[PDB]
4 protein chains.
Amino acid sequence: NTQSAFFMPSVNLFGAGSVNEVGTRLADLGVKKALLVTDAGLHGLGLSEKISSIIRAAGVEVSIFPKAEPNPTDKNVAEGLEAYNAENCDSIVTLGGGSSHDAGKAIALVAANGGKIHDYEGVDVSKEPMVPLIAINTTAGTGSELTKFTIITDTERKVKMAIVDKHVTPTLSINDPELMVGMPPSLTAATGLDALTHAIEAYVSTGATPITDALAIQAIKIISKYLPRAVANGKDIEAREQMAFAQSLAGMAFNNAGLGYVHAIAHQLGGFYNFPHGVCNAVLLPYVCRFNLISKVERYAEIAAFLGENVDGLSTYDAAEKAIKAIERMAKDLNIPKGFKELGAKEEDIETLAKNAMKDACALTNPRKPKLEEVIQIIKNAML
Amino acid sequence: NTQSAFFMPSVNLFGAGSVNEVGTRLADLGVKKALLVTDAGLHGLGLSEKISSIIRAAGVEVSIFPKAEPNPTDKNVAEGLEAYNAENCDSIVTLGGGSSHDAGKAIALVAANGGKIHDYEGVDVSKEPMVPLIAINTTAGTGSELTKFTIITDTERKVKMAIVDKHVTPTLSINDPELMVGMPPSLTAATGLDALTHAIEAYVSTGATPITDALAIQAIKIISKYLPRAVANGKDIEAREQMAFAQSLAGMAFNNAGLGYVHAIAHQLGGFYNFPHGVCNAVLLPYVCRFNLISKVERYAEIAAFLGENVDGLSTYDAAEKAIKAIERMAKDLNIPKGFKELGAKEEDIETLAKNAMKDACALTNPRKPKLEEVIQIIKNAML
Amino acid sequence: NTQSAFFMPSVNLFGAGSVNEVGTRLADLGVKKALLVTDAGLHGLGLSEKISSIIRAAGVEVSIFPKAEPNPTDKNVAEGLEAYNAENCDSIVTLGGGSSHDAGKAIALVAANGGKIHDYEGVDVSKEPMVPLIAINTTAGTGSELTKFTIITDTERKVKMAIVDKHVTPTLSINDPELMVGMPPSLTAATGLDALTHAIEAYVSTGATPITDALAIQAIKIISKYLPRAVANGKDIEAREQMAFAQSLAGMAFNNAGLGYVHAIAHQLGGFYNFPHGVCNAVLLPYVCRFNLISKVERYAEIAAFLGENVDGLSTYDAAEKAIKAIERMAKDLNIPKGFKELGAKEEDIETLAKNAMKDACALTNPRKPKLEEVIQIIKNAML
Amino acid sequence: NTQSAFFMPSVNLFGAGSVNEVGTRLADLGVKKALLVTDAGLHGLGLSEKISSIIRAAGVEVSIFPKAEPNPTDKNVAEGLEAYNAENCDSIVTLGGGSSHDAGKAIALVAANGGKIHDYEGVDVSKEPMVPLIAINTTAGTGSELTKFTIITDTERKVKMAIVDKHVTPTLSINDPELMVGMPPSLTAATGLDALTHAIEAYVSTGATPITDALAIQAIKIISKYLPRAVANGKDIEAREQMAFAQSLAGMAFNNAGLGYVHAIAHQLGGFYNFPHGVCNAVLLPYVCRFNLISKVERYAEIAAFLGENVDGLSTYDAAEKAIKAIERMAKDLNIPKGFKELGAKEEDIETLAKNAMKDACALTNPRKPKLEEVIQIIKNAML
Ligand SMILES: Nc1ncnc2c1ncn2[C@@H]1O[C@H](COP(=O)(O)OP(=O)(O)OC[C@H]2O[C@@H](O)[C@H](O)[C@@H]2O)[C@@H](O)[C@H]1O
Ligand SMILES: Nc1ncnc2c1ncn2[C@@H]1O[C@H](COP(=O)(O)OP(=O)(O)OC[C@H]2O[C@@H](O)[C@H](O)[C@@H]2O)[C@@H](O)[C@H]1O
Ligand SMILES: Nc1ncnc2c1ncn2[C@@H]1O[C@H](COP(=O)(O)OP(=O)(O)OC[C@H]2O[C@@H](O)[C@H](O)[C@@H]2O)[C@@H](O)[C@H]1O
Ligand SMILES: Nc1ncnc2c1ncn2[C@@H]1O[C@H](COP(=O)(O)OP(=O)(O)OC[C@H]2O[C@@H](O)[C@H](O)[C@@H]2O)[C@@H](O)[C@H]1O
Ligand SMILES: [Mn+2]
Ligand SMILES: [Mn+2]
Ligand SMILES: [Mn+2]
Ligand SMILES: [Mn+2]
């Protein structure tokens, strides 16, 4: 069919100070006890208590679960579901980056569907809406506060599982850039390059629509102008607010268009080595774009212009090549590792990695359909 | 504040055949009896019964209220609320164009907050969310299946009141282009030019954000290419699908950025003389743009390029004027009336029309703030 | 469906001297006696006997029917079927322009399907293929030596009936440019502008395919260069050969894509006043192109370039308008009448002319679907 | 002489689902049982039975001959005539690529003329038309469903003989893109580049006409955009349909313009080593183009533009040179071998390969007339 759908939370708050509304919103939802899912760093920095104060200052109780781990695991989700159940909670508030949103989302799905998070790996495999959730985002690259995606790790298959289900669209989303000033430069760069990967893969995806296209183009332009500014000075408020907008645009686009083999392979490198998601995407992006070039050359040529390149007097092909060169230049200027072996990757895993990548749902929307030898060759090119 | 929010239904279905899902979707909400709000023409066409059959084949009861009138009235809403309660309905399904959507939204809001619809004229004045509502759109220009706007006419004041409330965001939207092939050319032109007005006013609004900008730009570009095609041949499926996308983009843009004095004045001409909304917008747009030019000249110059104009070697001012000339050219090619006098408007009503235009909420986001005399001059110029 | 088809004779001869092969070819078909259908002018010029000698010198008998009239009539077809049967002919050879080709096609169809040519007005209504027919084309504009179209006049309805049937595709075609040198200048101009109309209407028709587009583009480019040369000096052999190629390109294109309201209206003016077909087409072309503009503005802009115009720095709309101006200038340079009233058309018939125009099959493929009032407007415009 | 001719089947069906008509169309022709000529691969995939049912449901009997081999052989034709005479068949339906079309065509010719296939090597070396044949094409190259060319391999001389006879033009053709979705990527690339070779050799051929030029230009332009997309994802329906159009355009063009030394040499390399026809053409295309440059420098400069290259500020020579560079880049991006020795070509057979190529009929239309040394040198340059 030629049918499509657009998903996002019904209410999404933006701008400096929006977090000061969480409690009121939680009260309007008619909830009484919320599990605060955050990470140990943000809890140690004091964010958990500062936000809990706002929540309980509105008549809703909150119990903090600062046990969401970068690249969240099935163990984190099971332990959280116990907290949720033992702690008599009726809502979830996620505070942090994509790991906290996805952990809270998985907890919320299993708290309403019963099984294990692994049971819902795939597309809309769940059979009921998740418990009420307000997602407070503090990184500029996931968009998970708006998506129907939750990435939970199989520690046994060592695979970052993709649960893509409409029932994990958060109830309300909050994007406060004042909460993002504290991102160190490497984190700023990695999340920003994850948003850029989101927008590029959404723009070349087979599930693209004119709506997702509008959003992705804006995201690329804004990231290209403001991400280096956010990496160079995290106290540049303009760059922070524009990167928050760019992150939401890119999340909006990929949620409804689909991603591709950058994310398909990155999920395997992250399930095997706990590498940062955004760094995997940044290392892989130029190679997968070069692989995809012959399928979407006009759109990669447009991406080169969106990325600031001059394409006057150039063929569509040469213009498309300037886009890969600009991506490599951006990654070089933001100090992204050059390959995966310098980070700890091994050949004895490449074939397994490639075989697992061909099973990720994101691969379904990649514009060029590959043979195992191609995924393997891409992974080999990303080793050095 | 630098704070903002983005609102839209959590689930939005697109594409040929999407209406065949209404019953299952309505069932998933756990509702049991829906009032089907439509107009007399579409009910006489058999569409009401087709949709009622799909709904009943999913275990939900249906009571048809086919009495929404073009420019729906407070009387239509009161009668609809009476029907809603007499048949013990727990949900609403709107089928048709903006008049049916707004009648249904108003019925649902009054059924959940009490009072009368006039009580909610303004911005976020109600306290409770409206009863479950699914919106099935059949015109390519309103976007009300996605907006928090319901425009109901005060018959006594002769004023099309604008109720701007987050609580009238539909639960789910359905945009099936197969349901729009039957629009006669005049309706296609008026609805398409209402969507173009939506996108333009959103782009020049004081409430614009990078997100709304993305959506509005795509809407203008698509309307410029496909609206004349849809007017020339309504059986052009590609044009119908692109207009279905453009109408939704423009709705998404104005719902979250705001409108301006085109809509503020159009609501008064429609409350006084019951003209088609899009025809009022098409007549007024060049005049409000010229009035607004000095406030957003860079953005009107960009609009000229989005509309296909060549601006090489021109100042921003001359490029912005070329946009007004292109807007005038599209209206003439779509056989839009030249002015309001030949339609029946009277000079002695101008002063009241302008006064009421300054009380509409859409005027709050107009980039240039007028005084009464300038609103009067605009209406006099629009008499022609 | 997206299904399509390409129709053309299996063998099509081109080049100086090709007619000297007709007799051999007729004999290769296994036929024994052919009815030579031509018009009185070429018969008085001696061409009928010259070709009959070539045919007889190969053992095929010939009976000349020089009774085909410009804008052939139903009476011509009845008289031809009588001769075909009385003279014990088993094949048909048409010699001349479109009038002779269509008369021969009609006789050949009725000789195999019975009934009357009137019964076959419309699309693929016939059950049996027509008797073997070889078409020798002597004008540079109709293309009927290759098409599945036969235009026969219903003398009482005063309507040029369009029989579009695959069973009237000639068996073999001969396009000898040596036979076209004798066309007087007005005939060269009228047939060439009928070919230009074929290519333009094929390019903007809703039934265009990449194949028809390729042929139509080539036709337009060649006509812009060589038609004026062939009108200014009919002894320019290069111009005559290039115009023969262009007529065939335009015929192949319209035969498989469709025409539009130029032909739909021209058939009515020709059935009422027996004006030359190409003159009717040339008078109407600018007005129907202007009416259709909003439906195919990109393709009319491309036509402006094919016609040699410079479109640098122009919007698609201004470029499309330059094409209409180029058509008007060419028609003026070839002494094409400015309007229809000066030739004898009467206002009191416009309504009938319009109503009959909406019943012609060529109207089905026009890119803009009109109303009766708009067809009437096109004619009033073409009257003065 | 200045004479020319255009040949193609009188009825040619295109588009998704056209194959569903084979049976009904076989019903027109009045035939009773057809030998279904295909290859073992499509027979093992089930296509043979699928089509056979469509033929059965129209009252026509079918005998499947799935013994056509890639690079069909004389032996294959004899086995075929044996079965068509045995099952007492009166028609032939070819299902597959160029090998199935050419095998069936040869069977149909010898079944009507009696001799041996080797005897009709050359041009118009036959006396009577072949038996009714409908060709259903499943590859995006060759064009054999429309040509008067049958290439049968003589197992003795190791020579792909080119029989160019009008008596082998199929009765009806079917180009259903739904049957081409299953072509694996290497087959998509090889067939598409065989089509590109057809269009280029037709464009630079000495037998080119304005008609062949129109068709070949369109084919080159479409291939440049859609062949890489069809190789990258064979489930791209738009790319498959556009390539089906392109292969038909290139077939119509080369059939009536001629080919050149790319095909002349490729036929010998394939007769010696059974290499795929399209891979032979792709390896040879740049070297023969460079040999031909001085004869057709303007048309190679035009091909550079048709292929998407920018030629601004360049001499005709440098642009024609950019065209060969674009052909090389296309061959490399679609993984086409760089030379023939890697595939197994022998440096001892170069003298015979070159001598046999100058005896191919395809060399007669090459724009540059060479010496044996030149053909030898081309083959040597294509060895590494
Ligand atoms: N505003 C902030 N200031 C300082 N540090 C922060 C901030 N926000 C997050 N951090 C720190 O950044 C670390 C990484 O947190 P993540 O949530 O894992 O980062 P993110 O890229 O946003 O999420 C990625 C996760 O979502 C999936 O899409 C993806 O596969 C991965 O599982 C954590 O230790 C967290 O404390
Ligand atoms: N697909 C269709 N086919 C044929 N007719 C249709 C179709 N859809 C609607 N119509 C007819 O068009 C007429 C106008 O109906 P509206 O709902 O008023 O059309 P629309 O322009 O979309 O809504 C305008 C209303 O919404 C507000 O934004 C605006 O202020 C106005 O009140 C009605 O009589 C309706 O039957
Ligand atoms: N080569 C020629 N030299 C001199 N005179 C010629 C030549 N060819 C044709 N004529 C003269 O041109 C006159 C008109 O002949 P037509 O066949 O009517 O001209 P043409 O434009 O080719 O066909 C028009 C007919 O075909 C339909 O498409 C169209 O509707 C019309 O009925 C005739 O009197 C004929 O003698
Ligand atoms: N739609 C399809 N799906 C899957 N496989 C296919 C399809 N079509 C063809 N194939 C496979 O392609 C293989 C080669 O078949 P060919 O007919 O030889 O391919 P093609 O390139 O079209 O023909 C080449 C032959 O025609 C001559 O012009 C040329 O000289 C050569 O002999 C076979 O194994 C066949 O099964
Ligand atoms: Mn990501
Ligand atoms: Mn509006
Ligand atoms: Mn004509
Ligand atoms: Mn070939």
# chains A, B, ... in the order shown; residues from 1 in each chain; ligands from 1
>>> residues_near_ligand(ligand="ligand 8", cutoff="12 Å", atoms="only C-alpha atoms and all ligand atoms", output="PyMOL selection string")
chain D and resi 71+97-99+102+139-144+147+149-151+160+162+190-202+247+250-251+253-255+258-267+270+276-282+285+362
>>> select_by_dssp(residues="segment 143-185 of chain D", states="helix (DSSP H, G or I)", output="list in words")
residues 166, 167, 168, 177, 178, 179 and 185 of chain D
>>> write_last_selection(atoms="N, CA, C and O atoms", output="PDB file, in the first residue's frame")
ATOM      1  N   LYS D 166      13.712  -9.329 -41.040  1.00  0.00           N
ATOM      2  CA  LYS D 166      12.377  -8.777 -40.720  1.00  0.00           C
ATOM      3  C   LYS D 166      11.387  -9.901 -40.432  1.00  0.00           C
ATOM      4  O   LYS D 166      10.407  -9.656 -39.721  1.00  0.00           O
ATOM      5  N   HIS D 167      11.612 -11.078 -40.998  1.00  0.00           N
ATOM      6  CA  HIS D 167      10.615 -12.165 -40.835  1.00  0.00           C
ATOM      7  C   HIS D 167      10.607 -12.639 -39.374  1.00  0.00           C
ATOM      8  O   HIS D 167       9.742 -13.454 -39.020  1.00  0.00           O
ATOM      9  N   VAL D 168      11.515 -12.112 -38.548  1.00  0.00           N
ATOM     10  CA  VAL D 168      11.599 -12.557 -37.166  1.00  0.00           C
ATOM     11  C   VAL D 168      11.091 -11.491 -36.191  1.00  0.00           C
ATOM     12  O   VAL D 168      11.252 -11.637 -34.973  1.00  0.00           O
ATOM     13  N   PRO D 177       6.715  -5.090 -15.970  1.00  0.00           N
ATOM     14  CA  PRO D 177       7.780  -4.891 -14.975  1.00  0.00           C
ATOM     15  C   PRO D 177       7.615  -5.743 -13.726  1.00  0.00           C
ATOM     16  O   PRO D 177       8.608  -5.975 -13.024  1.00  0.00           O
ATOM     17  N   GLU D 178       6.413  -6.263 -13.459  1.00  0.00           N
ATOM     18  CA  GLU D 178       6.229  -7.113 -12.290  1.00  0.00           C
ATOM     19  C   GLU D 178       7.010  -8.408 -12.417  1.00  0.00           C
ATOM     20  O   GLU D 178       7.387  -8.998 -11.399  1.00  0.00           O
ATOM     21  N   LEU D 179       7.288  -8.839 -13.641  1.00  0.00           N
ATOM     22  CA  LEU D 179       8.069 -10.043 -13.849  1.00  0.00           C
ATOM     23  C   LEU D 179       9.562  -9.788 -13.759  1.00  0.00           C
ATOM     24  O   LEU D 179      10.335 -10.748 -13.827  1.00  0.00           O
ATOM     25  N   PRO D 185      20.806  -8.530  -8.534  1.00  0.00           N
ATOM     26  CA  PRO D 185      21.554  -7.305  -8.881  1.00  0.00           C
ATOM     27  C   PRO D 185      22.522  -7.427 -10.054  1.00  0.00           C
ATOM     28  O   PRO D 185      22.576  -6.513 -10.887  1.00  0.00           O
TER      29      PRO D 185
END
>>> interface_residues(of="chain B", to="chain C", cutoff="12 Å", atoms="only C-alpha atoms", output="ChimeraX atom specification")
/B:184-185,224-237,239,304-313,322,326,329-335
>>> write_last_selection(atoms="C-alpha atoms", output="PDB file, in the first residue's frame")
ATOM      1  CA  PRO B 184     -15.465  20.107  -7.176  1.00  0.00           C
ATOM      2  CA  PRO B 185     -12.891  22.613  -8.478  1.00  0.00           C
ATOM      3  CA  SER B 224       2.654  25.971  -5.448  1.00  0.00           C
ATOM      4  CA  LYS B 225       3.197  22.880  -7.628  1.00  0.00           C
ATOM      5  CA  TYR B 226       0.122  20.719  -7.066  1.00  0.00           C
ATOM      6  CA  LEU B 227      -2.865  22.934  -6.160  1.00  0.00           C
ATOM      7  CA  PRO B 228      -3.331  24.195  -9.757  1.00  0.00           C
ATOM      8  CA  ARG B 229      -3.109  20.587 -10.871  1.00  0.00           C
ATOM      9  CA  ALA B 230      -5.798  19.525  -8.443  1.00  0.00           C
ATOM     10  CA  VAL B 231      -8.060  22.376  -9.572  1.00  0.00           C
ATOM     11  CA  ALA B 232      -7.568  21.590 -13.246  1.00  0.00           C
ATOM     12  CA  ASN B 233      -8.250  17.864 -12.781  1.00  0.00           C
ATOM     13  CA  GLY B 234      -9.644  16.455  -9.535  1.00  0.00           C
ATOM     14  CA  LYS B 235      -8.976  12.887 -10.740  1.00  0.00           C
ATOM     15  CA  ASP B 236      -5.207  13.575 -10.656  1.00  0.00           C
ATOM     16  CA  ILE B 237      -4.335  11.207  -7.809  1.00  0.00           C
ATOM     17  CA  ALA B 239      -1.974  16.057  -6.975  1.00  0.00           C
ATOM     18  CA  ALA B 304       8.562  34.386  -3.229  1.00  0.00           C
ATOM     19  CA  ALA B 305      11.221  31.731  -3.913  1.00  0.00           C
ATOM     20  CA  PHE B 306       9.115  28.982  -2.323  1.00  0.00           C
ATOM     21  CA  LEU B 307       6.326  30.022  -4.733  1.00  0.00           C
ATOM     22  CA  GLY B 308       8.593  29.517  -7.746  1.00  0.00           C
ATOM     23  CA  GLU B 309       9.600  33.126  -8.380  1.00  0.00           C
ATOM     24  CA  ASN B 310      13.046  34.139  -9.642  1.00  0.00           C
ATOM     25  CA  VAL B 311      14.577  36.753  -7.336  1.00  0.00           C
ATOM     26  CA  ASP B 312      18.092  37.083  -8.797  1.00  0.00           C
ATOM     27  CA  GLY B 313      19.511  40.600  -8.662  1.00  0.00           C
ATOM     28  CA  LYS B 322       7.090  39.390  -6.086  1.00  0.00           C
ATOM     29  CA  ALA B 326       2.515  35.472  -7.305  1.00  0.00           C
ATOM     30  CA  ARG B 329      -1.668  35.288  -9.898  1.00  0.00           C
ATOM     31  CA  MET B 330      -2.581  31.955  -8.288  1.00  0.00           C
ATOM     32  CA  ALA B 331      -5.965  33.269  -7.066  1.00  0.00           C
ATOM     33  CA  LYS B 332      -6.822  34.577 -10.566  1.00  0.00           C
ATOM     34  CA  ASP B 333      -5.858  31.239 -12.144  1.00  0.00           C
ATOM     35  CA  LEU B 334      -8.048  29.463  -9.600  1.00  0.00           C
ATOM     36  CA  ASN B 335     -11.042  31.747 -10.336  1.00  0.00           C
TER      37      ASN B 335
END
>>> residues_around(residues="residue 271 of chain C", least_positions_apart="2", cutoff="8 Å", atoms="only C-alpha atoms", output="PyMOL selection string")
chain C and resi 71+153-155+158-160+267-269+273-274
>>> residues_around(residues="residue 88 of chain D", least_positions_apart="2", cutoff="12 Å", atoms="only C-alpha atoms", output="VMD selection string")
chain D and resid 31 to 35 61 to 63 80 to 86 90 to 92 111
>>> write_last_selection(atoms="C-alpha atoms", output="compact mmCIF listing (two decimals), in the first residue's frame")
# COMPACT_ATOMS: atom_id res chain seq x y z
CA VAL D 31 -3.74 -20.23 -32.82
CA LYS D 32 -4.36 -23.53 -31.06
CA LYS D 33 -1.13 -24.62 -29.30
CA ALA D 34 2.07 -22.69 -28.61
CA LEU D 35 5.49 -23.97 -27.68
CA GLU D 61 -2.83 -25.38 -25.55
CA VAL D 62 0.76 -25.06 -24.32
CA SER D 63 3.92 -27.15 -24.62
CA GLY D 80 12.91 -26.84 -30.38
CA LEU D 81 11.70 -27.35 -33.96
CA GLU D 82 11.61 -31.09 -33.11
CA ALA D 83 9.20 -30.49 -30.21
CA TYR D 84 7.08 -27.91 -32.06
CA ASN D 85 6.72 -30.41 -34.92
CA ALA D 86 6.16 -33.24 -32.40
CA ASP D 90 1.06 -23.72 -34.40
CA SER D 91 2.45 -20.87 -32.29
CA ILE D 92 5.36 -19.99 -30.02
CA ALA D 111 9.62 -23.87 -38.82
>>> closest_residue(among="D:124, D:156, D:41, D:52", to="residue 100 of chain D", atoms="only C-alpha atoms")
D:41
>>> select_by_dssp(residues="segment 59-171 of chain C", states="strand (DSSP E)", output="PyMOL selection string")
chain C and resi 61-68+91-96+122-123+133-137+149-154+159-164
>>> write_last_selection(atoms="C-alpha atoms", output="PDB file, in the first residue's frame")
ATOM      1  CA  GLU C  61      -4.510  -5.200 -59.845  1.00  0.00           C
ATOM      2  CA  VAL C  62      -5.647  -1.654 -59.062  1.00  0.00           C
ATOM      3  CA  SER C  63      -9.020   0.080 -59.229  1.00  0.00           C
ATOM      4  CA  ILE C  64      -8.822   3.821 -58.541  1.00  0.00           C
ATOM      5  CA  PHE C  65     -11.396   5.427 -56.224  1.00  0.00           C
ATOM      6  CA  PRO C  66     -10.471   9.107 -56.417  1.00  0.00           C
ATOM      7  CA  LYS C  67     -13.547  10.123 -54.512  1.00  0.00           C
ATOM      8  CA  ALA C  68     -12.129  10.895 -51.050  1.00  0.00           C
ATOM      9  CA  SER C  91      -6.886  -4.858 -50.343  1.00  0.00           C
ATOM     10  CA  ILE C  92      -6.775  -1.075 -50.031  1.00  0.00           C
ATOM     11  CA  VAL C  93      -3.989   1.366 -50.889  1.00  0.00           C
ATOM     12  CA  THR C  94      -4.410   4.968 -49.692  1.00  0.00           C
ATOM     13  CA  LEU C  95      -2.529   7.710 -51.550  1.00  0.00           C
ATOM     14  CA  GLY C  96      -2.506  11.256 -50.260  1.00  0.00           C
ATOM     15  CA  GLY C 122     -15.406   5.918 -30.228  1.00  0.00           C
ATOM     16  CA  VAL C 123     -12.643   3.680 -28.859  1.00  0.00           C
ATOM     17  CA  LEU C 133      -4.005  -1.726 -46.272  1.00  0.00           C
ATOM     18  CA  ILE C 134      -0.844   0.092 -47.381  1.00  0.00           C
ATOM     19  CA  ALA C 135      -0.798   3.856 -46.771  1.00  0.00           C
ATOM     20  CA  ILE C 136       1.265   6.245 -48.952  1.00  0.00           C
ATOM     21  CA  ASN C 137       1.522   9.608 -47.203  1.00  0.00           C
ATOM     22  CA  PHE C 149      -7.396   6.958 -35.912  1.00  0.00           C
ATOM     23  CA  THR C 150      -9.805   7.530 -38.770  1.00  0.00           C
ATOM     24  CA  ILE C 151     -11.688  10.834 -38.815  1.00  0.00           C
ATOM     25  CA  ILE C 152     -14.900  10.537 -40.857  1.00  0.00           C
ATOM     26  CA  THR C 153     -17.504  13.291 -41.031  1.00  0.00           C
ATOM     27  CA  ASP C 154     -21.091  12.603 -40.056  1.00  0.00           C
ATOM     28  CA  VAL C 159     -19.401  16.299 -36.700  1.00  0.00           C
ATOM     29  CA  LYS C 160     -15.943  14.973 -37.552  1.00  0.00           C
ATOM     30  CA  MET C 161     -16.291  11.571 -35.905  1.00  0.00           C
ATOM     31  CA  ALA C 162     -13.127  10.134 -34.353  1.00  0.00           C
ATOM     32  CA  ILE C 163     -12.828   6.353 -34.696  1.00  0.00           C
ATOM     33  CA  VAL C 164      -9.939   5.293 -32.467  1.00  0.00           C
TER      34      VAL C 164
END
